[PDB]
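S.K.: pasting the first bit of my complex, frame unchanged:
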Amino acid sequence: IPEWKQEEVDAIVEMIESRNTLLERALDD
């Protein structure tokens, strides 16, 4: 798991609380 993917998955969660597979991994969270 590369570092940039994790910084992005967490940045998408920052705009859910307030790639297509990177959105899905942020939806289940």
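M.R.: All right, it came through fine. Numbering: from 1, shown residues only, chains lettered A, B, ... in the order given.
S.K.: how long is stretch A:13-29 end to end?
M.R.: Using CA to CA, to the nearest Å, the end-to-end distance of stretch A:13-29 comes to 8 Å.
S.K.: Apologies, that question was intended for stretch A:9-19.
M.R.: End-to-end distance (CA to CA), stretch A:9-19: 10 Å.
S.K.: wait, what's in contact with the residue nearest the centre of chain A?
M.R.: Geometric centre of chain A, nearest residue: residue A:9, 1.9 Å, by CA atoms, centre = their mean. Residue A:9 sits next to A:22, A:25, A:26, A:29 when contact means CB atoms under 8 Å, 6 or more residues apart in numbering. Any C-beta I mention is one placed from the backbone N, CA and C, and that applies to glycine too.
S.K.: and which of the residues you listed is nearest residue A:1?
M.R.: residue A:25 (10.6 Å; CB to CB).
S.K.: Point me to the residue sitting farthest from the middle of chain A.
M.R.: Chain A, farthest from centre, CA atoms, centre = their mean: residue A:18 at 13.7 Å.
S.K.: now the sequence for chain B, which goes on the structure above:
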Amino acid sequence: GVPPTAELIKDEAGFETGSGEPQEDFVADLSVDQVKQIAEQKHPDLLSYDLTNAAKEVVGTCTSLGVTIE
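M.R.: That brings us to chain B, laid onto the chains above:
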């Protein structure tokens, strides 16, 4: 309708030429109030939302010519 940034710096500086070498040779000079006024003019030209980020684009032409900000 609104003229370019390259032609807007020569009005409120003094000089009309650039330099033989950019950045290294300091020719023109600007200030704090002398950048926030050039930001009041450009709106459909810039992609920025804020009035803070709109200033960063004007500077992105100045340091590459030879301008020191006070």
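S.K.: give me the element the residue nearest to the centre of chain A is part of.
M.R.: helix A:3-13 (DSSP states H and E).
S.K.: mind listing what's buried in that helix?
M.R.: A:8, A:9, A:12 (16 or more other CB atoms under 10 Å in any protein chain shown).
S.K.: Over to the most centrally placed residue in chain B: give its phi and psi.
M.R.: Against the mean C-alpha coordinate of chain B, by CA atoms, centre = their mean, the closest residue is residue B:58 at 4.3 Å. Main-chain dihedrals, residue B:58, degrees, to the nearest 10: phi -70, psi -30.
S.K.: wait, doesn't it sit right on residue B:35?
M.R.: Yes - assessed by CB atoms under 8 Å, residue B:58 is found in contact with residue B:35 at 5.9 Å.
S.K.: all strands of chain B, in order?
M.R.: For chain B, the strands defined by DSSP state E cover B:28-30, B:67-69.
S.K.: Which of the ones you listed sits closest to residue A:2?
M.R.: Closest among those, once you apply CB to CB, is strand B:67-69, at 38.7 Å.
S.K.: can you slot in chain C too:
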Amino acid sequence: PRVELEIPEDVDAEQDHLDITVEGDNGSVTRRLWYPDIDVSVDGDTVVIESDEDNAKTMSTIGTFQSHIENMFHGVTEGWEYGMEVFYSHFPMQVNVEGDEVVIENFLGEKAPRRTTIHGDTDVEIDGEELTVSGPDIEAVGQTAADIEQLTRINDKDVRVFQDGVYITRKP
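M.R.: Placed with the earlier chains, chain C looks like this:
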């Protein structure tokens, strides 16, 4: 290895020895697929290309047989289309289809007509300046299309000045 190919609803493929015959609404294409230890079969409605060996030389043909079958399916459904456009500069070249052979006359100012031959079933039909080679057997079509362009081969002079001849425009 084994590769299972799904045959469409419009398609029907029959086997007799090492020969594969593919029938459909556009025609019937018969082919002979042969190579060491590779066996092709029809499991009711699926085509199976299987061999006990996994060496690169065998894998080369298993792959080639797949594209020979997959392309035979397109042959009996939609068909194969090669588009050609006749080009001339100074001489009024005439390309007319006579019998089971396409003929070109007055090429570069020649008294003698340049004639090729239509391979198999393939339909070569002309609409003025255009020509469209069509048929089910890609083997015959691609070759009949080639034969036409190649018939205007000029080795004796510079092709950059002497550009006369039918060329391929559309590749499927």
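S.K.: one step back: figure out how far the helix holding residue A:9 is from the centre of its chain.
M.R.: Its chain's C-alpha centre and that of helix A:3-13 lie 5 Å apart, by CA atoms, centre = their mean, to the nearest Å.
S.K.: next structured bit after it?
M.R.: Next element after helix A:3-13 (DSSP H and E): helix A:20-27.
S.K.: Are there helices or strands packed against that following helix, and which ones?
M.R.: Other helices and strands packing on helix A:20-27, by 3 or more CB pairs under 8 Å, 6 or more residues apart in numbering or on different chains; DSSP states H and E, are helix A:3-13.
S.K.: quick one: the helix it packs on to helix A:20-27, angle?
M.R.: With axes from the mean of the first three to the mean of the last three CA atoms, to 10 degrees defining the directions, helix A:3-13 sits at 60 degrees from helix A:20-27.
S.K.: Let me see the contact set for residue C:18.
M.R.: C:32, C:33, C:34, C:40 (CB atoms under 8 Å, 6 or more residues apart in numbering or on different chains).
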